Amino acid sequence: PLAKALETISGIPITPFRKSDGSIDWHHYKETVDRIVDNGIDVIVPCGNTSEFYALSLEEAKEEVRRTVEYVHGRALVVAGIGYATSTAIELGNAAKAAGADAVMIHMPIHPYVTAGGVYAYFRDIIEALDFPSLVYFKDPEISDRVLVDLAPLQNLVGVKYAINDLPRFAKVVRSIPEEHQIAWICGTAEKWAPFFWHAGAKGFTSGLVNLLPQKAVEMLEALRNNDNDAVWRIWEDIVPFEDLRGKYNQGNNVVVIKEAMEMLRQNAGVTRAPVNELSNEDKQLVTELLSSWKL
């Protein structure tokens, strides 16, 4: 069951951009893909938010998925992020299907106006039109969890990346959906939140940290699976400062912190694309202090 295979770490790769002209450096992307899949990560998500999906043209988005399937060459499941207007999401999905992806992850709609009934229809229509394994990234607190309960029966909804950091809500929705729907519950907010989500029912989590230190994410996963609380909290305390730094400025630092940290480690990442520019000298020092703390 694909759902079971998704109950692990979903690594979200960065999309390296050249500082010179902002173009994608595919050689660097290959190095990123290798670092992730060659180090214990069995699920990779091109066109995810950590990939700066929205900074990519549709052609670039399709090519990233295409290149991912090629570079991965069976070493991991490939989940293609898709989004935008219904017809566009379907176009991206079909391109991903032909490219050889294993499933698609439907980003949450970015429209300024959304309602529960409309969000349900949005996801449902794309999943039914594609007739292909799909995951949904659920992150708007203003939209009722009932949407997930109603989508659960869909054959092709194999998982949900729950991204609302409301533990009571998550615990409740996990228990409001029959086991016969086989939904893989994944913490969509990474390592800082994974321990808490895990206790509440999650069996997997996303990670941007795998772009530089996949070993740390794997350690977290194994500790959680082994029910080794002591180890879990140890690795958590070790990782959370990095996640806190990424979360600065209402998450504005989310990808740029990863890229500047990678570059300080001499890994190739390049820069972020506008609407996000480089870190301030202040944050650069904080990144340095973190890597120093990790003895890297």
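Residue numbers run from 1 along the displayed sequence.
Taking the mean of the C-alpha B-factors per stretch from the entry, tell me the winner out of 174 to 182 and 117 to 125. The entry gives the higher C-alpha B-factor average to 174 to 182.
Pick between 220 to 228 and 86 to 94: the one whose mean CA B-factor in the entry is higher. In the deposited entry, the stretch with the higher C-alpha B-factor mean is 220 to 228.
Among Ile239, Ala61, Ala55, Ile44, single out the one with the highest C-alpha B factor in the record, please. Answer, based on the entry's C-alpha B-factors: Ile239.
Out of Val104, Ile164, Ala76, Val160, which one has a C-alpha B factor higher than all the others in the entry? Highest CA B-factor of the listed options: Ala76.
By its CA B factor, does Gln215 count among the lowest, middle or highest third of the modelled residues in the chain? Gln215: CA B-factor falls in the highest third of its chain.
Pull the Cα B-factor of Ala99 out of the PDB entry and bin it into the chain's lowest, middle or highest third. Its C-alpha B-factor, which the entry lists for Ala99, ranks in the middle third among residues of this chain.
Cα B factor band for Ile14 (lowest, middle or highest third within the chain): For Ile14, the deposited C-alpha B-factor lands in the lowest third.
By the record's CA B-factor, is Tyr71 among the lowest, middle or highest third of residues in the chain? CA B-factor rank for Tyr71: highest third.
What third of its chain's C-alpha B-factors does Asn254 belong to: lowest, middle or highest? Ranked within chain, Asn254 CA B lands in the middle tercile.
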